[PDB]
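Shown next as C-alpha cells: one chain only, the form deposited in one PDB entry.
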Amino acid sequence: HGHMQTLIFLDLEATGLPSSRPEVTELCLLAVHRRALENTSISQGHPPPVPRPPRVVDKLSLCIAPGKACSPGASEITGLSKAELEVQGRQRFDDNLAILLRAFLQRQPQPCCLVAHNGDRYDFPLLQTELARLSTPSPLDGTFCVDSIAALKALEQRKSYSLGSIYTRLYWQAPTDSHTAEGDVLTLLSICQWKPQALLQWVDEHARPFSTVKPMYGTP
C-alpha cells in the first residue's frame, strides 16, 4: 500500500463507448516517480505557463488492432480505424502485449498507481476486460489505480470536469493532440503537476488495487 512511489498516467483510445462493447485501439503509459512530480515548479504567470514534463520519465505508446470496426465518431476523433491499423500491421490485444505491460510496470519503483481520467468508469474496466480474454495472469497484479476526476474534484477545495475543461481552466490554452493516447496522457500529466503534493496525498489515501476493478463487459 501507500505511499505510492510511481504514478503511471494512463489513457486508452478505443472503438467506441461502453454500451457498444468497445475494444482498445491505442494505449499509452507515462510513468513518473513521485519526486519528479513534486519537483515540478509551476512558474509565475497569468495564465500560468504549462509546465514541462519531468526529465526522467518512462513512456510506452502502442497502437492495437481491434476485432471490430470503430464507430464513425471514434474514428473521427482518434484518427484511427480498424482498416488502417491492420494495413499498418498492428497486432490484436494479446498475451505478448500483456508481457510488455508487466515488464514495463515491473521496472517502475513499487508500488505503482495508474492514473486515468474517468478511469473508474472507462479505462480501468475496459482494460480489465481486454486482459481477462488472455492466458497470461493479469500483468497489473500488485498495481494500484485512481480516477483523476475524483482527485481533481476533491482538490477543489464547475460546468465540466472533462480533461479539456480542467486543462483550460488551469492554463487557458487548448490541449494538443486530443483523443490520442499519448496526447491525452501528457495533458493529464500537466493537470496533475498543478498541485502535486496535494494530489499525491489524495492518491495515497484513495488508491485501490486494479484487481478490484470490475470488467466493463463479460463476454460469457
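By rigid core we mean the largest C-alpha set that fits within 1.5 Å across both forms. Note that residue numbering begins at 1 and tracks the sequence as displayed.
> Where the other entries model residues on both sides, is residue 158 skipped in at least a third?
Per the records, residue 158 goes unmodelled in at least a third of the other entries.
> Please say, as none, 1 to 3, 4 to 9, or 10 or more, how many residues of the deposited sequence are without coordinates in the interval between residue 44 and residue 45.
Nothing is missing between them.
> Got a sec? Mean C-alpha B-factor, which is higher, 114-122 or 137-145?
Going by the record's values, the stretch with the higher mean is 137-145.
> Quick check on the record: does 56-64 or 34-42 carry the larger mean Cα temperature factor?
According to the PDB entry, the answer is 34-42.
> Place residue 210 in the lowest, middle or highest third of its chain's C-alpha B-factors, as listed in the PDB entry.
Residue 210: CA B-factor falls in the middle third of its chain.
> What third of the chain, by the recorded C-alpha B-factor, contains residue 175?
Its C-alpha B-factor, which the entry lists for residue 175, ranks in the middle third among residues of this chain.
> Looking at the temperature factor on the CA atom of residue 48, which third of the chain's modelled residues does it land in?
Residue 48: CA B-factor falls in the highest third of its chain.
> Name the third of the chain's ranked CA B-factors that contains residue 77, choosing lowest, middle or highest.
Middle third of the chain for residue 77's C-alpha B-factor.
> When the modelled residues of the chain are sorted by Cα temperature factor, does residue 70 land in the lowest, middle or highest third?
Middle third by C-alpha B-factor.
Missing here is the form deposited in another entry; even so, the following discussion is about that form.
> Would you say residue 165 moves between this form and the one not shown, meaning its CA shifts by 2 Å or more once the core is fitted?
Residue 165: C-alpha displaced by less than 2 Å between this form and the one not shown.
> 2 Å or more on the CA of residue 67 between this form and the one not shown, with the rigid core superposed, yes or no?
False for residue 67: its C-alpha shift is below 2 Å.
> Any CA movement of 2 Å or more for residue 33 between this form and the one not shown, core superposed?
No, residue 33 moves less than 2 Å.
> Do the C-alpha atoms of residue 199 and residue 43 sit closer or farther apart in the other form than they do here, given a shift of 3 Å or more?
It is closer: in the other form, the C-alpha atoms of residue 199 and residue 43 lie at least 3 Å nearer than they do here.
> Residue 44 and residue 201: do their C-alpha atoms lie closer or farther in the other form than in the form you see, with a change of 3 Å or more?
It is closer: in the other form, the C-alpha atoms of residue 44 and residue 201 lie at least 3 Å nearer than they do here.
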